[PDB]
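Chemist: My structure is below; once you've seen it, I'll send some questions.
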Amino acid sequence: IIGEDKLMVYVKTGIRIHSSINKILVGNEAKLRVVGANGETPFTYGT
Amino acid sequence: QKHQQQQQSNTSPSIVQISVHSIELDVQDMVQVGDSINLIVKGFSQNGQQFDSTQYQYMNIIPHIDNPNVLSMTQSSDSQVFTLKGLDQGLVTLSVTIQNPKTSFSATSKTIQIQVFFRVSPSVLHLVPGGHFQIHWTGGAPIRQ
Amino acid sequence: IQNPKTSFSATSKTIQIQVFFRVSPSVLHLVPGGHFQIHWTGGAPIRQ
Amino acid sequence: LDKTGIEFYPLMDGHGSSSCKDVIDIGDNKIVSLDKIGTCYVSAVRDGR
Amino acid sequence: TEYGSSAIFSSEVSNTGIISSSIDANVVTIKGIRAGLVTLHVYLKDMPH
């Protein structure tokens, strides 16, 4: 053996909606996204 | 001839590596709404030796969070230690970057995640025989429960 | 080794000397059904 | 030249004249000039080669 | 209508070498390098929520 190293893998259930705003004016928009129910972001599941 | 590998020189030298190349974060994955936990940032060398706390006063330490509205952070009276606080229920992703302020070279930790942390509705129901219903519920760990 | 009076040279055999690893990332987060390939740095990449 | 396994090394004169540290810095795949007038020499190495 | 000089953006790429990204002002330009699926992430650097 010329070395050992250790990756920790966390695996984390349901889904939720996410937005930073929940009001909109007439004629305005907001972009919505999904996030997982533990907090899983589209970075880790979106692919 | 057969034992020659074990004869060390009793005038033992010192060896100094000159250059943070990996980071560990020492903290808990769960905190209550309204309460706090500590985070310790461990910086290591190219050869896996930790730096001593007395060297972290020379390091450019930069924490990273996705959802500061659920889990907040401050730095403590020790540069190596940070204080976290939960604000409402949820999940948050956390990491820390350290940079050399003489050479702009940096290293970053693993990402980690921290949770912040039930009732039934209605508490009373009235029916006729042959009636049907479905119970509802609120608050807790809906991603872990 | 070269001769500084005649320019004649001789060369040794080649030999190999070995010097004595890490993973990246050190922490990963996935969702169930997620895939990844581990990356690594150093060790002895011509004998390991 | 940002690509993993590229390496950058400032080159000093054998008379010790080029203290490149007084003219430039090199970090985060950037180059930066400093307060002083001068010339620096640099190698771009790759894969230890 | 105007973001000021404090509106610094960052971007990350969940499968490296499928694309490259580059930001200028408030525009992220990307280029395809290999076939596949990737998430691009973009955030306000100093307010990452």
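As you go down the protein sequences, you meet chains F, V, G, C and W in turn.
Residue numbers for the first sequence, in the deposited numbering: 1230 to 1241, 1244 to 1278.
Residue numbers for the second sequence, in the deposited numbering: 1033 to 1051, 1053 to 1150, 1153 to 1180.
Residue numbers for the third sequence, in the deposited numbering: 1131 to 1150, 1153 to 1180.
Numbering of the fourth sequence is given in the deposited numbering, commencing with residue 1377 and proceeding in unit increments.
Numbering of the fifth sequence is given in the deposited numbering, commencing with residue 1475 and proceeding in unit increments.
By construction, the Cβ of each residue, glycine as well, lies at the ideal position given by its N, Cα and C atoms.
Interface residues of chain F around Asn1500(W) at Cβ under 9 Å?
Modeler: Along the fifth sequence, read from residue 1 onward, the residue named residue 1500(W) stands at position 26. Within 9 Å Cβ-Cβ: nothing; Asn1500(W) doesn't reach chain F, min ~15 Å.
Chemist: Which residues of chain G have a Cβ atom closer than 8 Å to the Cβ of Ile1073(V), listed in chain order?
Modeler: Mapped onto the second sequence, residue 1073(V) falls at position 40. Those do not exist, as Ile1073(V) stays about 15 Å from chain G at its closest Cβ, beyond 8 Å.
Chemist: For the 8 Å Cβ check, are there 3 or more pairs between the segment 1120-1138 of chain V and the segment 1384-1396 of chain C?
Modeler: no
Chemist: Considering just the uninterrupted stretch of the alpha helix (DSSP H) at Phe1084(V), what are its terminal residues?
Modeler: Taking the first residue of the second sequence as position 1, residue 1084(V) is located at position 51. Counting along the chain, no alpha helix (DSSP H) covers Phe1084(V), and no H or E run does either.
Chemist: Over the uninterrupted beta strand (DSSP E) stretch that includes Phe1384(C), give me the two end residues.
Modeler: By one-based count along the fourth sequence, residue 1384(C) stands at place 8. Taken as a continuous stretch (DSSP letters only), the beta strand (DSSP E) holding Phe1384(C) covers 1382-1387.
Chemist: Does the beta-carbon of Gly1270(F) have 16 or more other beta-carbons within 10 angstroms, so that it is buried, or is it exposed?
Modeler: Counting from one through the first sequence, the residue named residue 1270(F) turns up at place 39. Buried.
Chemist: Anyone know if the C-beta pair for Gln1132(V) and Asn1080(V) falls short of 7 Å?
Modeler: Taking the first residue of the second sequence as position 1, residue 1132(V) is located at position 99. Taking the first residue of the second sequence as position 1, residue 1080(V) is located at position 47. No, these two residues do not count as a Cβ contact at 7 Å.
Chemist: Which whole runs of the beta strand (DSSP E) in the segment 1083-1133 of chain V are 3 residues long or more, in chain order?
Modeler: 1093-1098, 1104-1108, 1114-1119, 1123-1132
Chemist: Within 10 angstroms of the Cβ of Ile1178(V), are there 16 or more other Cβ atoms? Answer buried if so, exposed if not.
Modeler: The residue given as residue 1178(V) occupies position 143 in the second sequence. So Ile1178(V) counts as buried.
Chemist: Any Cβ of chain G within less than 7 Å of the Cβ of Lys1034(V)?
Modeler: Residue mapping note: residue 1034(V) aligns to position 2 of the second sequence, counting from 1. The beta carbon of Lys1034(V) does not come within 7 Å of any beta carbon belonging to chain G, so the residue lies off that interface.
Chemist: For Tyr1276(F), which residues from the same chain have a beta carbon less than 7 Å from its beta carbon, with the 5 sequence-adjacent residues on both sides left out?
Modeler: Counting from one through the first sequence, the residue named residue 1276(F) turns up at place 45. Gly1267.
Chemist: Relative to chain W, which residues along the segment 1100-1112 of chain V have a C-beta separation below 7 Å, given in chain order?
Modeler: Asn1100, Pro1101, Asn1102
Chemist: Just the C-alpha distance for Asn1102(V) and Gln1180(G), rounded to the nearest angstrom, thanks.
Modeler: Taking the first residue of the second sequence as 1, we reach residue 1102(V) at position 69. Taking the first residue of the third sequence as 1, we reach residue 1180(G) at position 48. Cα to Cα, the separation comes out at about 47 Å.
Chemist: At the level of alpha carbons, what is the spacing between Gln1169(V) and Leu1058(V)?
Modeler: Position 134 of the second sequence, counted from the start, is the residue given in the question as residue 1169(V). Position 25 of the second sequence, counted from the start, is the residue given in the question as residue 1058(V). The alpha-carbon atoms of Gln1169(V) and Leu1058(V) are separated by roughly 44 Å.
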